Structure formats: C-alpha cells, structure tokens
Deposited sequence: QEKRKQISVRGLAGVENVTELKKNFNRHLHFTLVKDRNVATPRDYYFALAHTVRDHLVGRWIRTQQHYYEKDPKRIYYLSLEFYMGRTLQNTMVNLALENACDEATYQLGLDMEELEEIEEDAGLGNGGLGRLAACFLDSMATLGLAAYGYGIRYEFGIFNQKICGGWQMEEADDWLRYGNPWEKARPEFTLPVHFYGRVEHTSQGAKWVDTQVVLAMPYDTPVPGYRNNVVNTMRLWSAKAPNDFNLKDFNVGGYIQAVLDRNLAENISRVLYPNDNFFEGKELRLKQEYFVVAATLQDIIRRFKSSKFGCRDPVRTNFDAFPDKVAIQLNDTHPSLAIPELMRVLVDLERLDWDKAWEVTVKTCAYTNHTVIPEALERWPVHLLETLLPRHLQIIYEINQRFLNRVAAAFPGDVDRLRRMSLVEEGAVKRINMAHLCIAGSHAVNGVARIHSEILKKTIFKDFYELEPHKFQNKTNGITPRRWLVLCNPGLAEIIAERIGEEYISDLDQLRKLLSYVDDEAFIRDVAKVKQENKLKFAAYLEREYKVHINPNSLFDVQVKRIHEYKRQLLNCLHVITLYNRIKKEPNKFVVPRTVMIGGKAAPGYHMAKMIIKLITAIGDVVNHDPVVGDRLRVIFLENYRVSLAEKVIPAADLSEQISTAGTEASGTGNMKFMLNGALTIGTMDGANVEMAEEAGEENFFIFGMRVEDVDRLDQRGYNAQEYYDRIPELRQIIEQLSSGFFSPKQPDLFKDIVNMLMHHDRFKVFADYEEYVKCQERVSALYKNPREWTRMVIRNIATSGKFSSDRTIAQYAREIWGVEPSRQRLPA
C-alpha cells in the first residue's frame, strides 16, 4: 500500500537513505544469509532487513554507553524475571525514523515490508502485565535519557504457544530462537560464575560460602532505543552455562544440561506462586550475575561503598528478584568486608520494591528447608535481617508481640517459610503499588503494619504503556490524524492529547476517528480469514476481552453476558439488537484447571451460538488463539469495547485497559485499578462503570457471599446455570462444566453473580450508544484525549524523581 508511505509520523524516505538501505539489504542477503534472489524466501528477506536495520542501532549503542562512562550518572538496574518485549523490527524503525525509508526501500526491491514484519517471532519472555510493564519501562527509560539497564534471563523457551484443539488449550514450546535472534549480541567474554548449594564456614575474618556447585551466567545484550533521542540502552539477559570443568564421561557431558536447564523455560504462571526449586534457582541466577556486574561497574567509576546508593538503584519487579537484598548484603559483608550496619545502610538506600497484586496465591513464600539447602548463607542473612528488623518493631511498638509475629520475615506453620514481600519491605527504601487504589489498599491491609512503622517508604506509581508501541507502531492511522491536528510532540509528551478535546465537535476529526477504526476492523477481520478461515461481521460491535485467563479477571462474567444475549435473541427473535462479535482471548497457566475449563466454555458457547441460524451474524463469539504482544497490537486498535471487569479490589492496575483507551475503544469495567483513574481523567460520564465498589465487596465478605440468593432472585441467571448444568453447551458430555457450576454456586471468591445484573444493564447502555455513531465517536474522542496520563513516560519520570533520585531528560544525544 502506498498510502502508508504518506504517513508523516513515519518519517522521511530520503533518496540516499533509501539507496543505502537497499545496498545493505542486498549485502546482508549475500554475505550474512548466503542467499541469492533465486532461492530467497520471505523469511530470508525479513532477516536481510532486520540485519540492515540493526546496523543503524550500533553507532548510537556504543556512543550511549560511552556517554554514560564519561558523565558517570547514577545507574538504574531494573531487575525482573520477565521482559515481554514482543517484536523489535518495527519498533527499531519507528524510534530511528527509518520506517518510511525502509518501506520505500523494500517496495523498490519488490517487497511488502508489512509481510516481512509478520515473520518475526515475539520475544515472549513474559506472562502478562508485569512482564510487559518491564518492556514498556525499558522503552520509556531510554526515551527519558536515563542510564538504565534491564536485567533478566534469556529463556530458551518463552510463554508457551497456545493451540486450541477440540475447544481446549494445548501447549507447545515457544521455540523463539529457532531461526536466530538478529537483535541480541552474545557476550561470552563477560560470563560470570553463580554458586548454588554448598555450606557456610564461619572462619577468622568471618563467613565463607564453600563446597558450591557453579553455574556460569552468559549475558546476551539487546539494544533498547529511545524515541529519536539517539539514545540506545541495554537489556542484558543471562543464559545458563555448564562450568568448564567437572556414569562415565559421556554421561558427565550430557549432565551439563541440568545446569543449563535454569535458563530453559519461563514458568508460565500469571499471578500465581509455585515453589519449585528450579524457579528459585532462576531467581538467584539473575540476582547473583546481575549484582556482580553492578559492583564491578561501580568500582570502575570515579573500596568505600558509602557512595554506592548515589551511583546505584536496584528496582525489584515484584519479589521475584528479592534475593538481591540478601545477595547485596552477602557481597558487602562476606567479600568486601563491611560491617553489617553500613552494609545495610547501603542496601536499603539502593533497593526499592514494586508490588503488583494483593492476591495471596501470587505472593512468594519459600520453604526454609529449600533456602537452607540451595542458598545456606542467604538464609543465615535473612534470619539476621529479621532479628534486627523485628528489634526495630519492638522498639517502635513496645509490647505488640502480635505485630512482631505478623511482620516477621519468617512465617510459622507445618512448613516454615520466608515471606519475600516482607524481606523486600525491610530491605527497600521505597515500596510502591501500581495504581492509586492498589497503593491505598496495601497501606490499609496487606502491608498496614509496615506502613505504620515506616509510612515514608510507601508510594504509588500508576502503571503506564509506551505510546510508541501502543499507538504509533500499532495504530499508524490514528497517530497520523492526531499528528495532523497537533503535530508530533505528543508521541513523547502524551498529555498533549488533551488538545484533542477541542475537536469533539469538529466534523472531519469525528469522521476521521471513525474511519480509522473502521480500517483497523476491516484489517483484523481479514486477518482471521487468511490465518484461521474465520468469518466475522465487520459491521458488528467488536467486544474484546484479552488478558490471561483468570477467576479474578472474570472471563466467566463475560460468558454469562454472552449467553444472556443469546437467550434474549431466542425469546424475542424479531427484536433488533446491535450486532456483536464477542472476542475473548488469553492463555491459561498449564496447571490452572478452572482457567482451562473457562477456555473450553468460551469455545463451547461459540459452538452453539455461531451455528444457530436464528442468530446468524447478529451474535458471534470467538476465542482468539495465542494472545501475545504481537496479537495485542492487531486486535486492540480494532476494538470498540474494552472488557475490564475484574472484581473490585483484585486487579492492582491493569495495562490492557490503557491500551484500549489509547486506541479508540470505550471501556466497560468495575472501579478497580487504573480504571478508577482512567474514568477520573476522562470523566465517569465517558466510561461504562458498573458493579460493586471495593467497600461493597467488603460488606458482602462481612455477611458472607451466598451465590444461591442471586440464582433464586434472577430468572435469566438461573436459566444460564441450568443450561450449563444440564449440558446445553456440552451435549455429548452433559456434566462437562459441573466444576464451573460448583465454583460459582459455592466457592466463588470473586462474586460473579453479584455483578451479573448491573453488568447486563451496563451492556444495554453500551449497545444503545453504539446505535448513535456520532455520539459513540464523540465519547471515544473524549477518551483518547484524556489517555495521556497512562504513558509509561509519566510513570518512569515519577520513578526517577520520587524513588531513584535522577532527573529525566528528553534531549537528543549528538549523532
């Protein structure tokens, strides 16, 4: 398409730039891929272009890191077990102003760059929100000119590739490195030792960790480009490698796999803790290798570690890298020979912890036996930390033994465990939630005792998304029509979107806003046909719930509504209803049974709804296979209605909600997480807010949630439960959904029936406004225009000023 090359926000196709791009495209095709045009596949062409484009990163990559050496600013180390990065090619081109040039260059070579882009595998090294937040954060940190380093693990296999088979999820390994990763640079020369198991000997000069098994940590460095500032930061991902030295010789060589299994696969759990030793090993591996790099870089700068927190910030993405606190102490005390108290002064000032959930099954609580075996010296240090910390509690609250037991890092029981959130709080100067309501809920509940001891520690940092990936990349049509009115500065100053409120009554913007949405919808519809032979009605309302499958996110509530629409159609076939394509998508953790049942229910509903000739194209329900960052970039720009329907108090923030707001969808949701702040930014009048508020959930809990009451009082709801029990959605297996029915009736922690009625009526209001295109689009304008707060640039600037103590900059580097 030539129209796309006329998108100004995609930059200049300079005649010489084009000429050079083609020359280097053809150079990589010959020397790097060893192909000629006669045997070259699209995949080769994608790689030629990827190599060509990565070459443009290299100069800035070297100069940026030298700049940091020269200026010696405080360094931000963002430790996370996940980096949900997605694809890199388009992102590279946008941040380097090369998109239109590459598009013209490939066009002259007879190629469609859009097709080439689709050959790239996602770097799916995350589960969901926490992982994708880390990716967004790296991008914003680069755009804000921070000396910032992402540190994590190079999983051989990312989040599993989901296939739906028989209506059921099947998992297949995500072999994302099969054809190579052209972005990363392997750094074997900078390999570091990590120790495991062993024993502690307390000798003359103190403790010594000995008799340890070594696993080498090999770093791969990936470039992280800011938005047109000539800044390229580094994401460093550690890969596990058997040590150089040592059933026989053959077996010994084979057994090198055991150690190398630590970096093999992402644990595919979203918001759920599994106490597997391999997972614990992964956490120590990232923390140990990462902290050796930080100490070395600290020493090779302009030992006295009193200035370590002036030059080092370690940000903990959840408790997953929590061992960085005992590990930093270990290095400082056992190897650098610092007194414990100075070491602890340094540690607390250097470390800060970000919490992502109040849900108990997600919080890390490691058995002491496991910590004792695998990391004996760390357990010792944790116990010491706990004694001095509880001593402070005692002195602050004399005689409150109850607070002592509650605040202990050590949790008593049949199995003694270490509470890793407690360790983080004790060992960090800053603790933040990711949305106002969540940060409030932490100081009033889960962490209230810690808030009372150290109020000053507790902060809020409302999550954000990068408007590069999540607008310019994914929705170029919308970015353009915005740029035509207000220019391009908003791309790294998203609060400038408020200027668009001046256009609520401009007929061309109203027309253009709707036209872009139509275009995104036609393109997504076409996508399902070619890739999955699925027919969807492009003049239907696109109702999308995409996110990991969960009880607390209430995909089930969405199911109940969908079946309601179906049954209402059957009772009154002749009555007009706004046509709808209900799209639900997301992965279930492989061991989460309810989530796999929920996926099966969505498809089972589809099997009835989509083949009923009375319904026809009035209602269609499809399960979007293999939801991942690449598919988010397709389906979200195409969405009319954003489903954000978690039980009030359960979704700490959400980030999918913000992506939908940024891309021209209206939101139907509870007052939970950032939904609260999104409605405050836009006005509640521009959101479909429904359901119980947190305080209402509490009152139910106070008197007990009896699901039976709602079933006995709501005829439409009872009908649906009867259809599920008796086997209307599973004729060949009538009892198939009994577990779903049983949880809803007797063990529903998330109170789906209690929001059922308000939800259904709120959906009626949605349909009503959809019948009025002009006013739909006008309310959409009011949303897009107030979405600026939810830029990750704002989030990061806040981290920088309020926790890290660094001042962000958007000034370009010379290049």
So which bits of the deposited chain never got modelled? 247 to 253, 310 to 317
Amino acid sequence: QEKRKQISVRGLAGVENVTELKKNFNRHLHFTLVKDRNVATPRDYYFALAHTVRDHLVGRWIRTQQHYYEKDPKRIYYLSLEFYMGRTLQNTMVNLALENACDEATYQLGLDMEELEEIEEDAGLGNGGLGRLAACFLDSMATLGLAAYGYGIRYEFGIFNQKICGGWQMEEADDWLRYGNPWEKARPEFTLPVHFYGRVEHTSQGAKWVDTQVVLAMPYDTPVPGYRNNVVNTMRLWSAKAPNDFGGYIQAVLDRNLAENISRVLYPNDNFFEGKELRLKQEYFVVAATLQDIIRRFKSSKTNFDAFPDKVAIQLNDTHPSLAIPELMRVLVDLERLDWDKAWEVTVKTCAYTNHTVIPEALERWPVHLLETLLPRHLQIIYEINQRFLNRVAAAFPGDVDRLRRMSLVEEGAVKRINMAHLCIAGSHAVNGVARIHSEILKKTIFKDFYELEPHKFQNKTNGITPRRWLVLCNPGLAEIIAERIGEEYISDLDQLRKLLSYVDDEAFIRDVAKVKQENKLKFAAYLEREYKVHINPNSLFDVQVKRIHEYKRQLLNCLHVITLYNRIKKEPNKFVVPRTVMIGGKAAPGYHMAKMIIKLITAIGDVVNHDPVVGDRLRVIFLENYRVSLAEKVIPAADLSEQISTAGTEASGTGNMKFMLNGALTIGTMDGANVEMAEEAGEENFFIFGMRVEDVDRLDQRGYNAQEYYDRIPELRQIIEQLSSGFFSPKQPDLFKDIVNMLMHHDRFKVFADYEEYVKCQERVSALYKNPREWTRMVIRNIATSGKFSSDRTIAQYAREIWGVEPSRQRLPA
From here on, numbers count along this sequence of modelled residues.
With B-factors read from the PDB entry, the higher C-alpha mean of 484 to 492 and 727 to 735 is in 727 to 735
Output the stretch having the higher mean C-alpha B factor in the entry; the candidates are 59 to 67 and 26 to 34. 59 to 67
By the entry's C-alpha temperature factors, tell me which of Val224, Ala240, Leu254, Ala526 sits highest. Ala526
Among the candidates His422, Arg264, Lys342, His195, give the one with the maximum CA B-factor reported in the record. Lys342
For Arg10, return the chain-relative third of its C-alpha B-factor as stated in the PDB record: lowest, middle or highest. highest
Would the CA B-factor of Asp672 place it in the lowest, middle or highest third of its chain? lowest
Splitting the chain's C-alpha B-factors into thirds, which one does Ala40 fall into? highest
Ordered by C-alpha B-factor within the chain, which third holds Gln719? Give me lowest, middle or highest, please. highest
B-factor third for the C-alpha atom of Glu807 within its chain: highest
